[PDB]
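Consider the single chain below, provided in structure tokens and representing the form deposited in one PDB entry.
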């Protein structure tokens, strides 16, 4: 038989998936993030990508109904910049923040069960000791 594997494929395909998000193409969920007194922000994304990086989004989005088009989801208790950085991680495999943001990002990462980011933010805080 003939078998082939492209190792770079998942990297490349996520790169295009990130482009479609930035271009707001094929998106099926809009996250409206309102936190205390910070201004409300909005993030469009693909439920499949969010589901692939966060067990909490997967269950949030996998329900028996066939949702028709564009679902709005109200998100409480996480800052816009934290949500943004988590979304970016889901689409890029990387995340970046200043040394004083690390704590709020772990909170958000714990809240959405992004085990890779939790473990990393935990490593950082412990090393500052």
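Positions refer to the first chain, counted from 1.
In what follows, reference is made to the form deposited with a small molecule bound, a form of this protein that is not presented.
- The stretch in contact with the small molecule in the bound PDB entry, judged by heavy atoms within 4.5 Å, is 81-89, chosen from 52-60, 23-31, 81-89, 68-76.
- Residue contact with the small molecule in the bound PDB entry: residue 35 places a heavy atom within 4.5 Å of it.
- Taking non-hydrogen atoms only, residue 93 never approaches the small molecule to within 4.5 angstroms in the bound PDB entry.
- Mapping the unseen interface onto this chain, residue 46 falls outside it, with no heavy atom inside 4.5 Å of the small molecule in the bound PDB entry.
- Residue 40 falls outside the set of residues with a heavy atom inside 4.5 Å of the small molecule in the bound PDB entry.
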